[PDB]
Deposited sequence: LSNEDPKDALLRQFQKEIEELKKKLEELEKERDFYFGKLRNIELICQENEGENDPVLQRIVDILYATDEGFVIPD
């Protein structure tokens, strides 16, 4: 049945996507961990701007 081989291919694709998801979560958590460690240091005009970026709802290019 050609559908058997397609089912096997789809299962492999699902497994590969799940792996990519785990890798992407790791990358996200790595950058988040650095931001948290910087915030711990922060807890100075320069330092205030860094805090403003940390708490910004966006990336922090424009701080109002």
{"query": "Coordinate gaps, deposited numbering", "finding": "1-4, 48-53, 75"}
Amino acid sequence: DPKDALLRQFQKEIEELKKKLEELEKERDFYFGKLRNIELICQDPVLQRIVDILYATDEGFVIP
From here on, numbers count along this sequence of modelled residues.
query	finding
Between the two ranges 44-52 and 15-23, the one averaging a larger CA B factor in the entry	44-52
